[PDB]
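Single chain ahead, written as structure tokens, the form deposited in one PDB entry.
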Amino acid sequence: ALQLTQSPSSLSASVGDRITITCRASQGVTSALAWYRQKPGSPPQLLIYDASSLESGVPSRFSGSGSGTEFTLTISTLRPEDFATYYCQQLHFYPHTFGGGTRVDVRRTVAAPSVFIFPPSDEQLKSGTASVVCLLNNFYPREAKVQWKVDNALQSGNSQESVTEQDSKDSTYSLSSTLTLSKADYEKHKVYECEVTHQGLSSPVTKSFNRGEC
């Protein structure tokens, strides 16, 4: 079906800035496009309907323009409540698609993550499972990539990660990634590595340990 691509997917800014988010459709949607702002924990809120009409009760710093395949939302003077995720929605064709969203967060200086790797506890091992956790602490911007390697084999499908919300004092994020293996598989290898790529790191940093080494 019809594709709606938002750009950029993520954007950093400060109070008072002017930002503009854009949304492009794969086929023309005339003026049937709406913009929403969604704050964490809340439902999306309508800002602009029919590509450019200002929704009632919505502050005038919000503006929408465009028609056909290209639309833009601009917030002229960013306020603290605007740090949020924005979505565009097409209503010309069924299904009524939403774009992927664009996250707007507090800009700050680039900060590389402090990385730490934790081996599984002997207590967990006795239960038969092995969790290897990797921590990326206080970094910025939000995008980071974690790659698990076991005896140099690239791991896939056996890890999960979660990211904290932007810190209100730091403006940094932290990320936890858990590699999970059976105790048996765990025992069949030695070098457990967490490889981290991030904008603040000249090149990828790797933190690792050799299993059973004492």
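So that the term is clear: the rigid core is the largest set of C-alpha atoms that superpose within 1.5 Å between two forms. For every residue, the number given is its place in the sequence shown, counted from 1.
Trainee: Which has higher Cα B-factors on average according to the PDB entry: 179 to 187 or 58 to 66?
Mentor: Between 179 to 187 and 58 to 66, it is 179 to 187 that shows the higher mean C-alpha B-factor.
Trainee: Please compare 126 to 134 with 81 to 89 and say which has the higher mean C-alpha temperature factor in the record.
Mentor: Averaging CA B-factors over each stretch, the winner is 126 to 134.
Trainee: Could you say which of 152, 31, 53, 158 has its CA atom at the highest B factor, as listed in the PDB entry?
Mentor: Each of 152, 31, 53, 158 was compared by C-alpha B-factor; the highest is 152.
Trainee: Please place residue 39 in the lowest, middle or highest third of its chain by C-alpha B factor as given in the entry.
Mentor: Residue 39: CA B-factor falls in the middle third of its chain.
Trainee: Based on the entry's values, in what third of the chain does the Cα temperature factor of residue 147 lie: lowest, middle or highest?
Mentor: Middle third - that is where residue 147 ends up once the chain's C-alpha B-factors are sorted.
Trainee: Looking at the C-alpha B-factor of residue 97, is it in the lowest, middle or highest third of its chain?
Mentor: Tercile = lowest for this residue's CA B-factor.
Trainee: Can you tell me which third, lowest, middle or highest, the CA B-factor of residue 76 falls into for its chain?
Mentor: Top third by C-alpha B-factor.
Trainee: Report the third (lowest, middle or highest) to which the CA temperature factor of residue 172 belongs, ranking only the modelled residues of the same chain.
Mentor: Residue 172: CA B-factor falls in the middle third of its chain.
There is another form of this protein, the form deposited in another entry, and it is not shown here; the text below is about that form.
Trainee: Taking the rigid core as the reference frame, tell me whether residue 20 has a CA displacement of 2 angstroms or more between this form and the one not shown.
Mentor: It does not, since the residue 20 C-alpha is displaced less than 2 Å between this form and the one not shown after the core fit.
Trainee: Once both forms sit on the same rigid core, is the C-alpha displacement of residue 147 at or above 2 Å between this form and the one not shown?
Mentor: Where the cores coincide, residue 147 still shows a C-alpha shift between this form and the one not shown that is 2 Å or more.
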